[PDB]
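Source file: target-v4.txt. Holds: compact mmCIF, C-alpha atoms.
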```
# COMPACT_ATOMS: atom_id res chain seq x y z
CA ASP N 19 13.11 3.26 -9.40
CA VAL N 20 15.96 3.70 -6.85
CA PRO N 21 17.16 5.13 -4.42
CA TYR N 22 18.33 3.11 -1.40
CA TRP N 23 18.09 6.04 1.03
CA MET N 24 14.31 6.22 0.52
CA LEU N 25 13.77 2.81 1.96
CA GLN N 26 12.47 2.54 5.50
CA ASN N 27 15.86 2.03 7.18
CA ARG N 28 14.96 2.68 10.85
CA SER N 29 18.41 2.63 12.49
CA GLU N 30 19.05 6.29 13.45
CA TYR N 31 21.90 8.49 12.28
CA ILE N 32 20.36 11.42 14.09
CA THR N 33 21.98 14.11 11.99
CA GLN N 34 20.31 12.79 8.77
CA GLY N 35 16.70 13.56 7.84
CA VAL N 36 14.21 12.62 5.20
CA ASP N 37 11.04 14.51 4.69
CA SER N 38 8.75 15.66 1.93
CA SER N 39 6.59 18.31 0.41
CA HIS N 40 4.08 17.83 -2.40
CA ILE N 41 3.64 19.34 -5.84
CA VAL N 42 1.34 22.28 -5.66
CA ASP N 43 -0.44 24.55 -8.21
CA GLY N 44 1.55 27.73 -7.73
CA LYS N 45 5.00 26.21 -8.14
CA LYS N 46 8.18 25.20 -9.92
CA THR N 47 9.71 21.89 -8.70
CA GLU N 48 12.85 23.83 -7.62
CA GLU N 49 10.69 25.64 -5.06
CA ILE N 50 9.26 22.28 -3.95
CA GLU N 51 12.61 20.58 -3.43
CA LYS N 52 13.57 23.61 -1.36
CA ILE N 53 10.47 23.18 0.79
CA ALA N 54 11.39 19.48 1.17
CA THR N 55 15.04 20.12 1.91
CA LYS N 56 13.96 22.60 4.55
CA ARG N 57 11.51 20.22 6.25
CA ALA N 58 14.26 17.51 6.18
CA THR N 59 16.65 19.86 7.97
CA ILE N 60 13.81 20.48 10.53
CA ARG N 61 13.53 16.77 10.87
CA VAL N 62 17.19 16.52 11.90
CA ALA N 63 16.46 19.03 14.68
CA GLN N 64 13.33 17.12 15.71
CA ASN N 65 15.53 14.02 15.87
CA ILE N 66 17.88 15.91 18.15
CA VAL N 67 15.13 17.15 20.40
CA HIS N 68 13.75 13.57 20.78
CA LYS N 69 17.21 12.43 21.91
CA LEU N 70 17.31 15.23 24.43
CA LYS N 71 13.95 14.15 25.74
CA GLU N 72 15.45 10.70 26.41
CA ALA N 73 18.41 12.20 28.26
CA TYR N 74 16.30 14.44 30.47
CA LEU N 75 14.03 11.55 31.32
CA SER N 76 17.01 9.32 32.16
CA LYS N 77 17.66 8.28 35.83
CA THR N 78 21.02 9.86 35.14
CA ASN N 79 19.80 13.35 34.07
CA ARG N 80 21.59 16.25 35.80
CA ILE N 81 19.24 19.01 34.62
CA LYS N 82 17.40 20.46 37.61
CA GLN N 83 14.82 22.64 35.79
CA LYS N 84 11.39 21.41 34.76
CA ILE N 85 11.27 21.01 30.99
CA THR N 86 7.86 20.21 29.51
CA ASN N 87 7.24 18.47 26.25
CA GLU N 88 5.99 21.86 24.99
CA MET N 89 9.31 23.39 25.98
CA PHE N 90 11.15 20.64 24.18
CA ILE N 91 9.13 21.25 21.01
CA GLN N 92 10.10 24.89 21.53
CA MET N 93 13.83 23.90 21.42
CA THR N 94 13.34 22.76 17.81
CA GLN N 95 13.79 26.20 16.29
CA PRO N 96 17.04 27.11 18.00
CA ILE N 97 18.46 23.63 17.26
CA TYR N 98 17.58 24.11 13.55
CA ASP N 99 19.00 27.63 13.66
CA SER N 100 22.22 26.15 15.07
CA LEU N 101 22.69 23.52 12.38
CA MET N 102 25.82 24.05 10.29
CA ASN N 103 26.88 22.51 6.99
CA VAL N 104 23.76 20.62 6.02
CA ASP N 105 24.12 19.03 2.57
CA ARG N 106 21.28 17.90 0.39
CA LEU N 107 22.38 14.29 -0.28
CA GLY N 108 19.53 13.43 -2.70
CA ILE N 109 16.03 14.26 -4.02
CA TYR N 110 13.32 11.75 -4.87
CA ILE N 111 9.98 12.45 -6.55
CA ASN N 112 7.22 9.83 -6.17
CA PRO N 113 5.57 9.88 -9.65
CA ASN N 114 2.32 8.44 -8.29
CA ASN N 115 2.03 11.11 -5.55
CA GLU N 116 3.97 14.05 -7.01
CA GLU N 117 5.65 13.86 -3.56
CA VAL N 118 9.22 15.16 -3.32
CA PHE N 119 11.51 13.77 -0.61
CA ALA N 120 14.87 15.13 0.47
CA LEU N 121 17.82 13.54 2.22
CA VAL N 122 19.70 16.09 4.21
CA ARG N 123 22.65 15.58 6.54
CA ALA N 124 23.91 18.09 9.07
CA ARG N 125 27.73 18.05 9.29
CA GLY N 126 27.87 20.00 12.58
CA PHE N 127 26.29 22.76 14.72
CA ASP N 128 27.24 26.13 16.24
CA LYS N 129 27.37 25.64 20.01
CA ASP N 130 27.30 29.38 20.82
CA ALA N 131 24.28 30.05 18.61
CA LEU N 132 22.61 27.07 20.29
CA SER N 133 23.54 28.28 23.75
CA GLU N 134 22.11 31.67 22.83
CA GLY N 135 18.83 30.38 21.40
CA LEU N 136 18.28 28.16 24.44
CA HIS N 137 18.90 30.97 26.90
CA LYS N 138 16.33 33.11 24.96
CA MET N 139 13.65 30.44 25.58
CA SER N 140 14.09 30.55 29.36
CA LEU N 141 16.48 27.73 30.12
CA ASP N 142 18.89 27.92 33.08
CA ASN N 143 22.54 28.05 32.48
CA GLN N 144 22.74 24.52 33.92
CA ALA N 145 20.08 23.20 31.44
CA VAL N 146 21.75 24.82 28.40
CA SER N 147 25.22 23.63 29.44
CA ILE N 148 23.81 20.08 29.63
CA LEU N 149 21.61 20.31 26.50
CA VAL N 150 24.37 21.76 24.42
CA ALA N 151 26.73 19.19 25.74
CA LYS N 152 24.28 16.38 24.67
CA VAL N 153 24.05 17.73 21.17
CA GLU N 154 27.84 17.74 20.99
CA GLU N 155 27.77 14.03 21.97
CA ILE N 156 25.20 13.55 19.23
CA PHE N 157 27.41 15.07 16.55
CA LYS N 158 30.62 13.28 17.62
CA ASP N 159 28.66 10.01 17.70
CA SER N 160 28.78 10.40 13.90
CA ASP M 19 10.35 -2.99 -7.38
CA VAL M 20 7.33 -1.85 -5.29
CA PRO M 21 5.93 -1.53 -2.57
CA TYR M 22 4.61 1.88 -1.49
CA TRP M 23 4.62 1.04 2.23
CA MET M 24 8.43 0.66 2.19
CA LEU M 25 8.95 4.26 1.28
CA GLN M 26 10.02 6.66 4.01
CA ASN M 27 6.53 8.01 4.81
CA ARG M 28 7.17 9.75 8.16
CA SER M 29 3.62 10.70 9.20
CA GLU M 30 2.84 8.37 12.14
CA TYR M 31 0.02 5.85 12.37
CA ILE M 32 1.38 4.66 15.69
CA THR M 33 -0.16 1.21 15.55
CA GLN M 34 1.75 0.34 12.31
CA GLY M 35 5.39 -0.76 12.28
CA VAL M 36 8.07 -1.56 9.78
CA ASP M 37 11.23 -3.30 10.74
CA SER M 38 13.66 -5.84 9.41
CA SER M 39 15.87 -8.81 9.97
CA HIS M 40 18.56 -10.09 7.61
CA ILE M 41 19.20 -13.37 5.84
CA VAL M 42 21.41 -15.54 7.92
CA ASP M 43 23.31 -18.85 7.41
CA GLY M 44 21.22 -21.13 9.59
CA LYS M 45 17.84 -20.25 8.11
CA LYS M 46 14.80 -20.60 5.87
CA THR M 47 13.28 -17.27 4.73
CA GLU M 48 10.03 -18.22 6.55
CA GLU M 49 11.97 -18.06 9.82
CA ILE M 50 13.39 -14.68 8.76
CA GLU M 51 10.06 -13.09 7.91
CA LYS M 52 8.90 -14.26 11.33
CA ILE M 53 11.86 -12.55 12.97
CA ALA M 54 11.00 -9.39 10.96
CA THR M 55 7.30 -9.53 11.69
CA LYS M 56 8.14 -9.87 15.36
CA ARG M 57 10.53 -6.90 15.42
CA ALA M 58 7.85 -4.85 13.53
CA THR M 59 5.29 -5.68 16.22
CA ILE M 60 7.94 -4.55 18.81
CA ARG M 61 8.29 -1.39 16.84
CA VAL M 62 4.57 -0.65 17.26
CA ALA M 63 5.05 -0.94 21.04
CA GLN M 64 8.15 1.27 20.90
CA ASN M 65 6.01 3.79 18.99
CA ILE M 66 3.48 3.62 21.79
CA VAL M 67 6.04 4.06 24.51
CA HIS M 68 7.47 7.16 22.72
CA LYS M 69 3.98 8.68 22.69
CA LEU M 70 3.64 7.99 26.39
CA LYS M 71 6.94 9.73 26.99
CA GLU M 72 5.47 12.83 25.32
CA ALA M 73 2.36 12.70 27.50
CA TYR M 74 4.27 12.32 30.75
CA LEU M 75 6.54 15.17 29.81
CA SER M 76 3.57 17.39 28.93
CA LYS M 77 2.70 20.43 31.15
CA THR M 78 -0.64 18.68 31.34
CA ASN M 79 0.57 15.29 32.69
CA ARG M 80 -1.40 14.00 35.71
CA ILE M 81 0.96 11.15 36.61
CA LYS M 82 2.57 11.85 39.98
CA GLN M 83 5.21 9.07 40.04
CA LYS M 84 8.73 9.50 38.70
CA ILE M 85 9.11 7.53 35.49
CA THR M 86 12.62 7.34 34.06
CA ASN M 87 13.50 6.75 30.46
CA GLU M 88 14.75 3.32 31.61
CA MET M 89 11.34 2.63 33.10
CA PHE M 90 9.69 3.69 29.88
CA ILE M 91 11.90 1.32 27.88
CA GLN M 92 10.81 -1.27 30.44
CA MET M 93 7.12 -0.64 29.51
CA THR M 94 7.88 -1.92 25.99
CA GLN M 95 7.45 -5.58 26.85
CA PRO M 96 4.08 -5.34 28.54
CA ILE M 97 2.79 -3.06 25.74
CA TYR M 98 3.90 -5.68 23.16
CA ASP M 99 2.40 -8.44 25.29
CA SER M 100 -0.88 -6.48 25.29
CA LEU M 101 -1.11 -6.04 21.53
CA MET M 102 -4.11 -7.79 19.99
CA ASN M 103 -4.91 -8.61 16.38
CA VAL M 104 -1.68 -7.63 14.67
CA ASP M 105 -1.78 -8.47 10.95
CA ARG M 106 1.22 -8.84 8.73
CA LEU M 107 0.25 -6.41 5.93
CA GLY M 108 3.27 -7.13 3.68
CA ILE M 109 6.83 -8.51 3.37
CA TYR M 110 9.65 -6.98 1.35
CA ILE M 111 13.07 -8.47 0.67
CA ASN M 112 15.86 -6.10 -0.44
CA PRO M 113 17.74 -8.22 -3.06
CA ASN M 114 20.92 -6.18 -2.64
CA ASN M 115 20.97 -6.63 1.17
CA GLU M 116 19.06 -9.89 1.67
CA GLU M 117 17.16 -7.68 4.18
CA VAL M 118 13.56 -8.64 4.92
CA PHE M 119 11.12 -5.95 6.07
CA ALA M 120 7.67 -6.44 7.53
CA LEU M 121 4.65 -4.19 7.75
CA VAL M 122 2.58 -5.04 10.75
CA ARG M 123 -0.50 -3.29 12.09
CA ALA M 124 -1.98 -3.77 15.53
CA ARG M 125 -5.80 -3.69 15.43
CA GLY M 126 -6.21 -3.24 19.21
CA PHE M 127 -4.84 -4.09 22.68
CA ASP M 128 -5.96 -5.86 25.87
CA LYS M 129 -6.33 -3.18 28.55
CA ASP M 130 -6.40 -5.66 31.47
CA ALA M 131 -3.25 -7.47 30.33
CA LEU M 132 -1.63 -4.04 29.96
CA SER M 133 -2.81 -2.92 33.37
CA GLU M 134 -1.40 -6.14 34.80
CA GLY M 135 1.99 -5.91 33.10
CA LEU M 136 2.39 -2.29 34.19
CA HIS M 137 1.54 -3.03 37.81
CA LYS M 138 4.19 -5.85 37.74
CA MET M 139 6.88 -3.30 36.79
CA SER M 140 6.19 -1.10 39.81
CA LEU M 141 3.81 1.55 38.54
CA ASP M 142 1.22 3.14 40.84
CA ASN M 143 -2.39 2.59 40.21
CA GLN M 144 -2.60 6.27 39.18
CA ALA M 145 0.24 5.87 36.59
CA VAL M 146 -1.26 2.70 35.06
CA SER M 147 -4.76 4.20 34.93
CA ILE M 148 -3.29 7.16 33.02
CA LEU M 149 -0.90 5.12 30.83
CA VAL M 150 -3.54 2.64 29.87
CA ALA M 151 -5.92 5.43 29.20
CA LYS M 152 -3.35 7.07 26.81
CA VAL M 153 -2.92 3.87 24.88
CA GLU M 154 -6.68 3.67 24.49
CA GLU M 155 -6.60 7.21 23.02
CA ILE M 156 -3.84 5.99 20.73
CA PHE M 157 -5.90 3.10 19.39
CA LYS M 158 -9.13 5.10 18.93
CA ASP M 159 -7.11 7.79 17.13
CA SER M 160 -6.99 5.16 14.36
```

So that I can check it, write out the structure of this file as structure tokens.
Amino acid sequence: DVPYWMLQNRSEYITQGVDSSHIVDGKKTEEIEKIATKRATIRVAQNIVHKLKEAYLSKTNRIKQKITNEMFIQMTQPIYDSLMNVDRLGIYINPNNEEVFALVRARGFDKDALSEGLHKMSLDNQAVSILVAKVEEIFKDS
Amino acid sequence: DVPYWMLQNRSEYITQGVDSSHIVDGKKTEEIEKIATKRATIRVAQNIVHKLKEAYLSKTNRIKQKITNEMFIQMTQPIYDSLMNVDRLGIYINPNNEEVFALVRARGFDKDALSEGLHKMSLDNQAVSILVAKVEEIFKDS
């Protein structure tokens, strides 16, 4: 039963994530929705990194530095860390699986925290200026 | 009501796709499941191109040529064209939306058709050897 948001929907909205954790012996369901909410927030950041990968690859890209896929995966933490105002928009438990999904939605992000995290992982000033500027496009595009 | 496959599930299987088309004035639902099945197959190929993007970006990448995101998007057609044995595994119509989803699953792909399509879009021999070899990894990984 329900909810619409749990349907494969496949058009982006990059700042929204769904992801799940599973019921587990040690644990209250409140702990398991937390795990799921947290993985869903991480999914938003993964969505953002994927978009940045597309930008860097683009014929248009201005970033001069070499950024490897492993470096991009590395950007996931600081993007996450930079997320502001992420609301849990809904929880769904699959009764067959005991699998708990979460819909999360990031309202914005802290550019200066992101700039700082990116500099700590050995990006150029040029690269962070561009990366942070792409994330800003991402958030205004909602 | 049902089906499991229509749940946000989020772990890959790269050779499976879900996508949808919508009911439309001109048209029998058989035409609209066809549209959906066809977009789902295209989704498999999009899934494959995304994986190739990750490989090329990797510190490990052997491909010497410059491949732009626009070029990668260009690889989508020949990958699709190369897909063999794609079964429609299920159809689901959202009654609220009149939205028809399709689950499709590509059993394999024709390496020589892929090699040919890739050469036609101005890839090196080196690039196609590597790209085709990554797709082979993708299909064996199922």

- Task: Select all residues from chain N having any atom no more than 9 Å from an atom of chain M (counting all atoms listed in the file, ignoring ligands), output as an MDAnalysis selection string.
- Result: chainID N and resid 19:20 23:28 36:38 71:78 85:89 119

- Message: I'd like to know which of M:69, M:130, M:122, M:91 is closest to residue 52 in chain M, using all atoms listed in the file.
- Response: M:122

Please, can I see chain N fitted onto chain M by all in-order Cα atoms (least squares), as an mmCIF file with C-alpha atoms, in the coordinates of the input?
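result.cif, freshly written:
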```cif
data_model
loop_
_atom_site.group_PDB
_atom_site.id
_atom_site.type_symbol
_atom_site.label_atom_id
_atom_site.label_comp_id
_atom_site.auth_asym_id
_atom_site.auth_seq_id
_atom_site.Cartn_x
_atom_site.Cartn_y
_atom_site.Cartn_z
ATOM 1 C CA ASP N 19 10.347 -2.988 -7.381
ATOM 2 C CA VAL N 20 7.325 -1.850 -5.285
ATOM 3 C CA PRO N 21 5.935 -1.535 -2.572
ATOM 4 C CA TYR N 22 4.613 1.878 -1.489
ATOM 5 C CA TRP N 23 4.626 1.036 2.231
ATOM 6 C CA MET N 24 8.426 0.669 2.187
ATOM 7 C CA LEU N 25 8.946 4.262 1.289
ATOM 8 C CA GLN N 26 10.014 6.659 4.011
ATOM 9 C CA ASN N 27 6.533 8.009 4.806
ATOM 10 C CA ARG N 28 7.173 9.745 8.164
ATOM 11 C CA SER N 29 3.624 10.704 9.202
ATOM 12 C CA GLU N 30 2.839 8.369 12.145
ATOM 13 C CA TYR N 31 0.025 5.847 12.368
ATOM 14 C CA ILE N 32 1.375 4.658 15.684
ATOM 15 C CA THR N 33 -0.162 1.209 15.551
ATOM 16 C CA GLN N 34 1.747 0.337 12.312
ATOM 17 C CA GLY N 35 5.392 -0.759 12.283
ATOM 18 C CA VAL N 36 8.072 -1.562 9.788
ATOM 19 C CA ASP N 37 11.226 -3.300 10.744
ATOM 20 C CA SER N 38 13.667 -5.840 9.411
ATOM 21 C CA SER N 39 15.863 -8.818 9.963
ATOM 22 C CA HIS N 40 18.564 -10.089 7.615
ATOM 23 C CA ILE N 41 19.197 -13.370 5.841
ATOM 24 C CA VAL N 42 21.414 -15.541 7.923
ATOM 25 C CA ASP N 43 23.307 -18.853 7.404
ATOM 26 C CA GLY N 44 21.219 -21.130 9.586
ATOM 27 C CA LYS N 45 17.839 -20.251 8.109
ATOM 28 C CA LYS N 46 14.807 -20.603 5.876
ATOM 29 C CA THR N 47 13.274 -17.269 4.727
ATOM 30 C CA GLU N 48 10.027 -18.223 6.553
ATOM 31 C CA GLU N 49 11.971 -18.054 9.822
ATOM 32 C CA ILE N 50 13.400 -14.680 8.752
ATOM 33 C CA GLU N 51 10.062 -13.090 7.907
ATOM 34 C CA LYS N 52 8.899 -14.258 11.324
ATOM 35 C CA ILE N 53 11.858 -12.539 12.969
ATOM 36 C CA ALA N 54 10.998 -9.393 10.958
ATOM 37 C CA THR N 55 7.294 -9.533 11.691
ATOM 38 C CA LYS N 56 8.141 -9.871 15.359
ATOM 39 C CA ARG N 57 10.526 -6.894 15.419
ATOM 40 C CA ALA N 58 7.848 -4.848 13.534
ATOM 41 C CA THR N 59 5.292 -5.678 16.221
ATOM 42 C CA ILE N 60 7.942 -4.549 18.811
ATOM 43 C CA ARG N 61 8.282 -1.392 16.842
ATOM 44 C CA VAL N 62 4.568 -0.650 17.263
ATOM 45 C CA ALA N 63 5.056 -0.935 21.037
ATOM 46 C CA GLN N 64 8.153 1.278 20.897
ATOM 47 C CA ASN N 65 6.017 3.786 18.993
ATOM 48 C CA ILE N 66 3.479 3.619 21.790
ATOM 49 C CA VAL N 67 6.046 4.066 24.507
ATOM 50 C CA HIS N 68 7.478 7.169 22.722
ATOM 51 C CA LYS N 69 3.977 8.682 22.693
ATOM 52 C CA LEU N 70 3.647 7.991 26.383
ATOM 53 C CA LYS N 71 6.936 9.720 26.985
ATOM 54 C CA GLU N 72 5.473 12.831 25.318
ATOM 55 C CA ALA N 73 2.364 12.699 27.497
ATOM 56 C CA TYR N 74 4.272 12.313 30.748
ATOM 57 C CA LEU N 75 6.545 15.175 29.813
ATOM 58 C CA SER N 76 3.567 17.388 28.924
ATOM 59 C CA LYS N 77 2.699 20.430 31.152
ATOM 60 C CA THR N 78 -0.643 18.681 31.344
ATOM 61 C CA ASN N 79 0.567 15.288 32.701
ATOM 62 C CA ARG N 80 -1.399 13.999 35.714
ATOM 63 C CA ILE N 81 0.962 11.144 36.615
ATOM 64 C CA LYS N 82 2.567 11.853 39.984
ATOM 65 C CA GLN N 83 5.212 9.075 40.041
ATOM 66 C CA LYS N 84 8.730 9.502 38.705
ATOM 67 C CA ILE N 85 9.108 7.529 35.487
ATOM 68 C CA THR N 86 12.626 7.341 34.056
ATOM 69 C CA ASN N 87 13.499 6.753 30.460
ATOM 70 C CA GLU N 88 14.754 3.325 31.607
ATOM 71 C CA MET N 89 11.342 2.638 33.101
ATOM 72 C CA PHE N 90 9.687 3.684 29.883
ATOM 73 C CA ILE N 91 11.899 1.318 27.880
ATOM 74 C CA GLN N 92 10.815 -1.276 30.440
ATOM 75 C CA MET N 93 7.124 -0.641 29.504
ATOM 76 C CA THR N 94 7.877 -1.921 25.988
ATOM 77 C CA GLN N 95 7.452 -5.585 26.847
ATOM 78 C CA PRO N 96 4.076 -5.341 28.538
ATOM 79 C CA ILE N 97 2.787 -3.061 25.742
ATOM 80 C CA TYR N 98 3.899 -5.678 23.158
ATOM 81 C CA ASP N 99 2.397 -8.437 25.291
ATOM 82 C CA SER N 100 -0.876 -6.477 25.293
ATOM 83 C CA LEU N 101 -1.107 -6.037 21.535
ATOM 84 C CA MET N 102 -4.103 -7.799 19.997
ATOM 85 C CA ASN N 103 -4.907 -8.607 16.379
ATOM 86 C CA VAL N 104 -1.688 -7.627 14.669
ATOM 87 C CA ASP N 105 -1.783 -8.471 10.949
ATOM 88 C CA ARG N 106 1.220 -8.836 8.726
ATOM 89 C CA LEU N 107 0.248 -6.404 5.927
ATOM 90 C CA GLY N 108 3.270 -7.129 3.679
ATOM 91 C CA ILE N 109 6.831 -8.511 3.371
ATOM 92 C CA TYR N 110 9.647 -6.975 1.352
ATOM 93 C CA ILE N 111 13.074 -8.477 0.669
ATOM 94 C CA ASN N 112 15.861 -6.104 -0.440
ATOM 95 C CA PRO N 113 17.736 -8.223 -3.054
ATOM 96 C CA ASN N 114 20.921 -6.180 -2.638
ATOM 97 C CA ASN N 115 20.968 -6.626 1.172
ATOM 98 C CA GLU N 116 19.064 -9.891 1.677
ATOM 99 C CA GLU N 117 17.164 -7.680 4.179
ATOM 100 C CA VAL N 118 13.557 -8.646 4.923
ATOM 101 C CA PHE N 119 11.125 -5.947 6.070
ATOM 102 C CA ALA N 120 7.671 -6.445 7.529
ATOM 103 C CA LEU N 121 4.648 -4.186 7.751
ATOM 104 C CA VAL N 122 2.583 -5.041 10.752
ATOM 105 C CA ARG N 123 -0.502 -3.286 12.089
ATOM 106 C CA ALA N 124 -1.983 -3.768 15.534
ATOM 107 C CA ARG N 125 -5.807 -3.689 15.430
ATOM 108 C CA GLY N 126 -6.209 -3.239 19.210
ATOM 109 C CA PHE N 127 -4.836 -4.092 22.686
ATOM 110 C CA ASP N 128 -5.960 -5.863 25.874
ATOM 111 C CA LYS N 129 -6.329 -3.185 28.550
ATOM 112 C CA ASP N 130 -6.397 -5.658 31.470
ATOM 113 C CA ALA N 131 -3.253 -7.466 30.329
ATOM 114 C CA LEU N 132 -1.631 -4.042 29.957
ATOM 115 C CA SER N 133 -2.815 -2.919 33.368
ATOM 116 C CA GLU N 134 -1.404 -6.136 34.796
ATOM 117 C CA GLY N 135 1.992 -5.908 33.098
ATOM 118 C CA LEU N 136 2.389 -2.286 34.189
ATOM 119 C CA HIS N 137 1.544 -3.034 37.803
ATOM 120 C CA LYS N 138 4.189 -5.854 37.740
ATOM 121 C CA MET N 139 6.881 -3.297 36.784
ATOM 122 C CA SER N 140 6.189 -1.096 39.812
ATOM 123 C CA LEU N 141 3.818 1.550 38.540
ATOM 124 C CA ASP N 142 1.213 3.145 40.838
ATOM 125 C CA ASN N 143 -2.391 2.595 40.201
ATOM 126 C CA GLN N 144 -2.607 6.267 39.180
ATOM 127 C CA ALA N 145 0.241 5.866 36.591
ATOM 128 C CA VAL N 146 -1.260 2.695 35.061
ATOM 129 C CA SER N 147 -4.764 4.193 34.930
ATOM 130 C CA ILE N 148 -3.290 7.157 33.015
ATOM 131 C CA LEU N 149 -0.893 5.121 30.825
ATOM 132 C CA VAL N 150 -3.541 2.644 29.878
ATOM 133 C CA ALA N 151 -5.925 5.432 29.203
ATOM 134 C CA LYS N 152 -3.347 7.067 26.810
ATOM 135 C CA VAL N 153 -2.916 3.872 24.878
ATOM 136 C CA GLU N 154 -6.685 3.670 24.490
ATOM 137 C CA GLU N 155 -6.597 7.211 23.014
ATOM 138 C CA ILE N 156 -3.841 5.984 20.725
ATOM 139 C CA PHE N 157 -5.902 3.098 19.383
ATOM 140 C CA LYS N 158 -9.135 5.097 18.928
ATOM 141 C CA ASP N 159 -7.112 7.785 17.133
ATOM 142 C CA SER N 160 -6.989 5.162 14.356
#
```

- Task: Write out as a count of residues only which residues come within 8 Å of range 95-110 of chain N when counting all atoms listed in the file, dropping same-chain ones fewer than 4 positions away.
- Result: 26

- How many Å separate CA of residue 145 in chain M from CA of residue 83 in chain M?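 So the answer is 6.8 Å.
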
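Restricting the calculation to all atoms listed in the file, the smallest distance between residue 34 in chain M and any of M:54, M:160, M:80, M:134 is found for M:160.
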
- Query: In Å to one decimal, how far is CA of residue 142 in chain N from CA of residue 82 in chain N?
  - Reply: 8.9 Å

- Across N:53, N:151, N:146, N:141, the smallest distance to residue 39 in chain N, with only C-alpha atoms counted, is shown by N:53

- Message: List the spatial neighbours of residue 43 in chain M as a list in words - criterion: any atom at most 12 Å away, all atoms listed in the file, same-chain residues fewer than 5 positions off excluded.
- Response: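 The neighbour list is residues 49, 50 and 116 of chain M.
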
- For CA of residue 93 in chain N and CA of residue 139 in chain N, determine how far apart the two atoms are, in Å to one decimal place.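 It comes out at 7.8 Å.
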
- Item | Residue nearest residue 143 in chain N - candidates N:70, N:81, N:48, N:30, atoms counted: only C-alpha atoms |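 Closest candidate: N:81.
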
- Tell me which of M:58, M:113, M:42, M:65 sits closest to residue 156 in chain M, counting only C-alpha atoms.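 Looking at the shortest contact to residue 156 in chain M, the residue is M:65.
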
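Compared by their closest atoms to residue 32 in chain M, and using only C-alpha atoms, the residues M:115, M:57, M:153, M:148 rank with M:153 nearest.
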